[PDB]
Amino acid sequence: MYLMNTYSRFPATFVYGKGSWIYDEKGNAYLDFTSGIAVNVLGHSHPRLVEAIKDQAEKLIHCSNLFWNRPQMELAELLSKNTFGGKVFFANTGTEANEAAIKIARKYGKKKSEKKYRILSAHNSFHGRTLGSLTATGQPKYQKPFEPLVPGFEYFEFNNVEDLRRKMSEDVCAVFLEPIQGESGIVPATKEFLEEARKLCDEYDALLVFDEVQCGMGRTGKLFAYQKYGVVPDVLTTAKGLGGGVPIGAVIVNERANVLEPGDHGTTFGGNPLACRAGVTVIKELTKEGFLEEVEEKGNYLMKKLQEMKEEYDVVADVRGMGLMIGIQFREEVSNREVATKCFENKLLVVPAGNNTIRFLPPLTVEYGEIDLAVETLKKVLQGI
């Protein structure tokens, strides 16, 4: 009774988790296909992550950015080496990472002109709730009560090359894009659209920023979605799965975008040894030989079953996604919220999203048998919906 009423929740209190399962106070087991909203990349209570956390906790958890710490240095090196090789800034959340990206873009633009501060983002995009990220978020409903927001932002239709082109100008300092939109209902960008974004940013001297907070850290079958697409951004933001459950966020920039100087930006908790230790553990597991290959295989298996379901069930209008980031859209007469609720009642946890969809976001360590259970449960719900 002491929490603000800001969330729409499923009626369950969870106290323990192991792998793909989470349990309530009475021991009832739920198959967790939410991953805490694409966060628990290694599932719950993964032995290596738990051990790393316990080990670091008895050593040092926070020293501040007045000094250096080893986990922070190691994670920065791993992120640079496993991406397009740039510099790293550690934040604590997805919205903070995007705020850093916005600031990097703004300073970059002012290197050329005081008028070069415009930022373009997509309609229905989601980049965060803090005011900078909220302005980038192309969704009026989430902005209205809090206006006026940050000036200089304009929106274009996702995957619409023509619309993005018409809104470009020399005064644009950055273009923000989620390689695969998440909150809007899992909408993959087309390779062509991303390629055009890359070309337009080069033409107008703007920074291409990829927000991989939800689609990053192995969920697509590669470490980052941009690697699947073959389009390299100037700036890349990551969070959620980066820490496998421990709050952490990061921004990676190439040399062109490496414009921040001492005092330009900072954070008290960002880069602390406990969170970075978690990140190092996660990256080492994700990059382990054969791991991402298994993710791709499991993703193909799950997608195959859901696509069959799309043809077989008239209430299922569409299935979209990549790797283990999949969205299922229902016909308008069927409520995605009702479907999610019925799934919950049958011990399957899914995440509602826009466009009347539910998201299947299982941990990357999910078992084939668990994929079978989830699909079976959804089918039974739909057979009575």
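Don't overthink the numbering: it's just position in the shown sequence, from 1.
In this entry, 27 to 35 has the higher mean Cα B-factor, the comparison being between 62 to 70 and 27 to 35. The question of which stretch, 235 to 243 or 289 to 297, has the higher mean Cα B factor is settled in favour of 289 to 297. Out of 111, 277, 103, 127, it is 111 whose C-alpha atom has the highest B-factor in the PDB entry. Of the candidates 264, 178, 183, 96, the PDB record gives 183 the highest C-alpha temperature factor.
Sorting the modelled residues of the chain by their CA temperature factor places residue 211 in the lowest third.
Placement of the Cα temperature factor of residue 21 within the chain: middle third of the modelled residues, per the deposited record. In this PDB entry, residue 369 carries a Cα temperature factor that places it within the highest third of its chain's modelled residues. Compared with the other modelled residues of the chain, the Cα B-factor recorded for residue 249 ranks in the lowest third. Per-chain ranking of the deposited C-alpha B factor places residue 44 in the lowest third.
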